[PDB]
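**Q** Using the entry's author numbering, read the sequence shown as starting at 6 and increasing by one per residue.
Structure below; questions to follow.
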Amino acid sequence: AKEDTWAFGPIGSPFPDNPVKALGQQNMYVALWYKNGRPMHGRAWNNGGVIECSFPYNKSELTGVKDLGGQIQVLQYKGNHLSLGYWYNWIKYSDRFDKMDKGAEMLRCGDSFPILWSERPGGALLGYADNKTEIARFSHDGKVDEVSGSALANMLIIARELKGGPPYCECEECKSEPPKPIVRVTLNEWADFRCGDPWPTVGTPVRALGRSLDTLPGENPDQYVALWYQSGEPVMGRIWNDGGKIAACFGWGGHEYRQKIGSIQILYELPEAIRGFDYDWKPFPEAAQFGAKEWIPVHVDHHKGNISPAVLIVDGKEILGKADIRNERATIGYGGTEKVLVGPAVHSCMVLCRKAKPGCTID
Ligand SMILES: [Zn+2]
Numbered sequence: 006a007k008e009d010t011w012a013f014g015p016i017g018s019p020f021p022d023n024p025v026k027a028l029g030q031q032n033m034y035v036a037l038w039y040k041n042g043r044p045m046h047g048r049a050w051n052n053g054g055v056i057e058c059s060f061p062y063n064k065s066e067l068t069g070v071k072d073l074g075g076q077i078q079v080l081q082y083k084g085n086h087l088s089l090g091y092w093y094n095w096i097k098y099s100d101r102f103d104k105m106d107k108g109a110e111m112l113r114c115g116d117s118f119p120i121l122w123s124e125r126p127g128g129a130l131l132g133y134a135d136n137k138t139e140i141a142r143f144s145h146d147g148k149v150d151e152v153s154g155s156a157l158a159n160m161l162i163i164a165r166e167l168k169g170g171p172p173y174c175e176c177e178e179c180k181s182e183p184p185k186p187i188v189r190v191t192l193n194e195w196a197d198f199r200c201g202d203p204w205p206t207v208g209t210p211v212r213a214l215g216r217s218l219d220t221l222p223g224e225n226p227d228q229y230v231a232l233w234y235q236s237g238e239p240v241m242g243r244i245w246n247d248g249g250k251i252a253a254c255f256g257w258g259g260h261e262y263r264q265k266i267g268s269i270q271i272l273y274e275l276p277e278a279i280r281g282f283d284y285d286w287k288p289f290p291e292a293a294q295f296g297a298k299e300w301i302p303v304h305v306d307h308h309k310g311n312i313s314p315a316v317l318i319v320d321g322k323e324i325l326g327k328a329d330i331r332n333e334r335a336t337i338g339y340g341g342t343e344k345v346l347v348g349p350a351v352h353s354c355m356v357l358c359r360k361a362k363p364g365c366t367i368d
């Protein structure tokens, strides 16, 4: 087995290839920093296409290049278990002994290991636990939490699994193995890429309306769903394949963003056999009936409004951008600005929704 890769993470620049997310979290990645040779884990996130991060130290939250220096590291998982000898599995902290006895190795750097407080009211936080003191620390809001004892039991830590592949692996060895019962996937699959990277080969991006658009002047007819962040706010927008390279456009804060976009997340449609839901684009009034829990808009949640992918009709043309269904607003980046629709004007939007398969439950 290769050792873990902690990839180079210059603060204020885009993420490295294949960063490892905190399980289940939209914009939270496993991160590592050192002070005087001593490792500690923390968290990184995307803001405006680049790395921001937070670590607990000296009972303070350190976030700056001035607190931290110019670079941290972000856990990377590039390749698969055939070339690496391991895959990462998130387990309950209380299960670590059983897991180690079955042959798993716990991810660690010195005495520090990542720990995810998944069920924390108001949102998960990723922090670190100290092997010697068994205290977990989490940095946020300029403060540090410290938690120990039984409150750790259901928090999640990373195990390296040294045998086989992960549950949905499609490498030739896993493909040839005798099938095992799976839970179908109920989380939307989002892949990390930087704008200007080569077009994705590892999955199937989700195309506006499932077809070429009759779109606006200067836009590519084949537009696909992507997520970016501005000031901690989720922004859905569009990517297209520009000469083999990812190109993107987002609208937010009254502006259009078409360059220096950096790190984005691309939505993938999983293989039908492993997914617990199907996608389709639905008229806004149908999409708004999410309460029935039949077709539910794809959404990333934020306190200012939850944001969904949406094709708008502008000047009689179709164009991929974003909508807040509950607040009846929808926008695109276009023409050097953010074009905004509200109220009844959003009812013509087509919203990306998903519907749970029988036996499955989604939100
Ligand atoms: Zn495999």
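By construction, the Cβ of each residue, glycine as well, lies at the ideal position given by its N, Cα and C atoms.
Just jot down, in chain order, the residues whose CB lies closer than 5 Å to any heavy atom of ligand 1.
**A** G170, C174, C176, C179
**Q** In whole angstroms, what is the alpha-carbon distance linking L167 and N85?
**A** Taking the first residue of the sequence shown as position 1, residue 167 is located at position 162. Taking the first residue of the sequence shown as position 1, residue 85 is located at position 80. Cα to Cα, the separation comes out at about 12 Å.
**Q** Between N311 and the rest of its own chain, which residues show a CB-CB distance below 6 Å, the 5 nearest in sequence each way excluded?
**A** Taking the sequence shown and counting its residues from 1, the one referred to as residue 311 is at position 306. If we look at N311 and ignore the five residues flanking it on each side, its Cβ neighbours are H304.
**Q** Within 10 angstroms of its Cβ, does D106 collect 16 or more other Cβ (buried), or is it exposed?
**A** Against the sequence shown, residue 106 aligns to sequence position 101. Classification of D106: exposed, given that the 10 Å Cβ count is below 16.
**Q** From which residue to which residue does the alpha helix (DSSP H) around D103 run?
**A** As a first step, residue 103 must be located in the sequence shown, where it is residue number 98. Looking at the DSSP string, the run of the alpha helix (DSSP H) that includes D103 is 101 to 106.
**Q** Would you kindly report the start and end of the unbroken alpha helix (DSSP H) that includes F289?
**A** On the sequence shown, residue 289 is found 284 positions in, with the first residue counted as 1. Unbroken alpha helix (DSSP H) run through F289: 289 to 292.
**Q** Alpha carbon to alpha carbon, what distance is there between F60 and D72?
**A** Within the sequence shown, numbered from 1, the residue matching residue 72 stands at position 67. Within the sequence shown, numbered from 1, the residue matching residue 60 stands at position 55. The straight-line gap from Cα to Cα measures roughly 10 Å.
**Q** Quick one: what's got a C-beta closer than 8 Å to residue 2's C-beta in the same chain, skipping five residues either side?
**A** The requested residue 2 does not occur in the structure, where the chain is confined to residues 6 to 368.
**Q** According to DSSP, is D72 part of a helix, a strand, or is it coil?
**A** What you label residue 72 is simply residue 67 of the sequence shown in a count that begins at 1. Correct three-state label for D72: helix.
**Q** Could you give the C-beta distance for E224 and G341, rounded to a whole number, given that I count them as a contact under 8 Å?
**A** The residue you call residue 224 lines up with position 219 of the sequence shown. The residue you call residue 341 lines up with position 336 of the sequence shown. Between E224 and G341 a beta carbon distance of about 13 Å is seen, past the 8 Å cut, so the two are scored as non-contacting.
**Q** Ignore the nearest five residues each way along the sequence and tell me which others in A252's own chain have a CB closer than 6 Å to its CB.
**A** Residue mapping note: residue 252 aligns to position 247 of the sequence shown, counting from 1. Result list for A252: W245, in chain order.
**Q** For the stretch 168 to 179 against the stretch 352 to 361, are there 3 or more C-beta pairs whose distance is under 8 Å?
**A** no
**Q** With a floor of 4 residues, list each alpha helix (DSSP H) that falls wholly inside the stretch 108 to 140, ordered by position along the chain.
**A** none
**Q** Give me the Cα-Cα distance between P239 and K322, rounded to the nearest whole angstrom.
**A** Within the sequence shown, numbered from 1, the residue matching residue 239 stands at position 234. Within the sequence shown, numbered from 1, the residue matching residue 322 stands at position 317. Approximately 25 Å between the Cα atoms of the pair.
**Q** With a cut-off of 8 Å on the beta carbons, I'd call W286 and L232 a contact; round off their distance for me.
**A** The sequence position of residue 286 within the sequence shown is 281, counting from 1. The sequence position of residue 232 within the sequence shown is 227, counting from 1. Contact flag wrong, Cβ pair sits at about 17 Å.
**Q** For a quick check, are the C-beta atoms of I120 and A109 less than 7 Å apart?
**A** Position 115 of the sequence shown, counted from the start, is the residue given in the question as residue 120. Position 104 of the sequence shown, counted from the start, is the residue given in the question as residue 109. No, Cβ-Cβ distance for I120 and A109 is not below 7 Å.
**Q** Should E139 and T209 be called a contact, given that it needs their Cβ atoms to be closer than 7 Å?
**A** For the purposes of this step, residue 139 is identified with residue 134 of the sequence shown, where counting begins at 1. For the purposes of this step, residue 209 is identified with residue 204 of the sequence shown, where counting begins at 1. Not in contact: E139 and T209 (Cβ atoms no closer than 7 Å).
**Q** Looking at the strands, I want to know which residues DSSP matches up with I312.
**A** Here residue 312 refers to the residue found at position 307 of the sequence shown. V305, per the DSSP bridge assignment.
**Q** Which of helix, strand or coil does DSSP assign to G223?
**A** Here the question's residue 223 lines up with position 218 in the sequence shown. The answer is coil: DSSP assigns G223 none of H, G, I, E or B.
**Q** If you run the structure through DSSP and keep just helix, strand and coil, what is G258?
**A** Counting from one through the sequence shown, the residue named residue 258 turns up at place 253. The answer is coil: DSSP assigns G258 none of H, G, I, E or B.
**Q** Straight-line CA distance for residue 2 to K64?
**A** Outside the shown range of the chain (6 to 368) lies residue 2, about which nothing can therefore be said.
**Q** Can you tell me whether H308 is buried or exposed? The criterion is at least 16 other CB atoms within 10 Å of its CB, across all chains shown.
**A** Position 303 of the sequence shown, counted from the first residue, corresponds to residue 308. Exposed is the call here.
**Q** Please state the DSSP three-state secondary structure of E274.
**A** The sequence position of residue 274 within the sequence shown is 269, counting from 1. Looking at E274 - three-state DSSP - the assignment turns out to be strand.
**Q** Start and end of the beta strand (DSSP E) containing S181?
**A** The residue labelled residue 181 in the question sits at position 176 within the sequence shown. Taken as a continuous stretch (DSSP letters only), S181 belongs to no beta strand (DSSP E), being part of the alpha helix (DSSP H) at 177 to 181.
**Q** So, at 7 Å on beta carbons, what are the nonlocal neighbours of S117 in its own chain, with the 5 sequence-adjacent residues on each side left out?
**A** If you number the sequence shown from 1, residue 117 lands on position 112. Taken in chain order, the residues that qualify are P44, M45, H46, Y133, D135.
**Q** Let's test the definition: count the other Cβ atoms within 10 Å of the Cβ of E277 and tell me whether it reaches 16, buried, or not, exposed.
**A** For the purposes of this step, residue 277 is taken as residue 272 along the sequence shown, with counting starting at 1. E277 comes out exposed.
**Q** Exposed or buried, which one is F13 when buried takes at least 16 other CB atoms within 10 Å?
**A** In the sequence shown, counting from the first residue as 1, residue 13 sits at position 8. Label assigned to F13: exposed.
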